[PDB]
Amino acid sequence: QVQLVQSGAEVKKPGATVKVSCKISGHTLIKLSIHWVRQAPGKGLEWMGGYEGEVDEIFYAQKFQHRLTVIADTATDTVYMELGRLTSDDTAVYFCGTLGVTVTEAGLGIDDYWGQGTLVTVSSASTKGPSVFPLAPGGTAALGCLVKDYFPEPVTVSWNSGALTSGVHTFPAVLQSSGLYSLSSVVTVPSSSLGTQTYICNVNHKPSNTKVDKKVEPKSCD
């Protein structure tokens, strides 16, 4: 019944400041270790700093301490991280987690509670919904949808309103030199189904309220 709940996704311009919260229920901050750990897309875990409730002390990674403040509110069981002078290097998922060990004569104590993560995107880009373009199709054919030029993450894709799942690969997005994201979603299907079965990709970019259903039709030389 212990729960750590973080605040929602953030989009910030370079040079701005972000503040992320981590709220504890089912437990008390004064009995907990709460540390901030971030993860850039496709990269490893990086400790930023944290709070030890027993000693009421804050700790910082030297890499960040000039622009990072950690705030503990023992009255509301909430811990905050405030990171300034943001750049695109700070785009990452930020987690709060109970990293600290208590060393007593009776042994080692540790909790393992984690928040759900908070995505922070640092960019000059403006919110923009994607354009969806067809990737038109032996015994197996491939087809797909190109979901191009959107900001920020995330985007979801289904096929035939969720009825088509086997053989689908929706790729992780790439960040283009324009600062806009792009991804493709593909599916392999029987080539004998191309004249019969309709294939529609359902694309949802909630940050821009953009929903698109794109029918993908085969190419023929006949």
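Position 1 is the first residue in the sequence shown; the rest follow in order.
Q. How many missing residues of the deposited sequence lie between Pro137 and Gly138 in the entry, grouped as none, 1 to 3, 4 to 9, or 10 or more?
A. Missing residues, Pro137 to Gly138: 4 to 9.
Q: Mind pulling up the entry and telling me whether 169-177 or 190-198 has the higher mean Cα temperature factor?
A: Going by the record's values, the stretch with the higher mean is 190-198.
Q | 66-74 versus 32-40 - which carries the larger mean C-alpha B factor in the record | A | Mean CA B-factor is higher for 66-74.
**Q.** Largest Cα B-factor, entry values, listed residues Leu146, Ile110, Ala92, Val79
**A.** Of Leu146, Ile110, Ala92, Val79, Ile110 has the highest C-alpha B-factor.
Q: Compare the CA B factors listed in the entry for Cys96, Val122, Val101, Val132 and report the winner.
A: It is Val101.
Q.
Please say which third, lowest, middle or highest, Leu4 falls into when its CA temperature factor is compared across its chain.
A. Ranked within chain, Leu4 CA B lands in the lowest tercile.
Q: Name the third of the chain's ranked CA B-factors that contains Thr118, choosing lowest, middle or highest.
A: Within its chain, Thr118 is a lowest-third residue by C-alpha B-factor, going by the deposited values.
Q.
Per the entry's values, where does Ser184 land by CA temperature factor relative to the rest of its chain, in the lowest, middle or highest third?
A. Bottom third by C-alpha B-factor.
Q: Would you mind ranking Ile58 by its C-alpha B-factor against the rest of the chain and naming the third, lowest, middle or highest?
A: For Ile58, whose C-alpha B-factor we compare with every modelled residue in the chain, the answer is the middle third.
Q: Ordered by C-alpha B-factor within the chain, which third holds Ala106? Give me lowest, middle or highest, please.
A: CA B-factor rank for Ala106: highest third.
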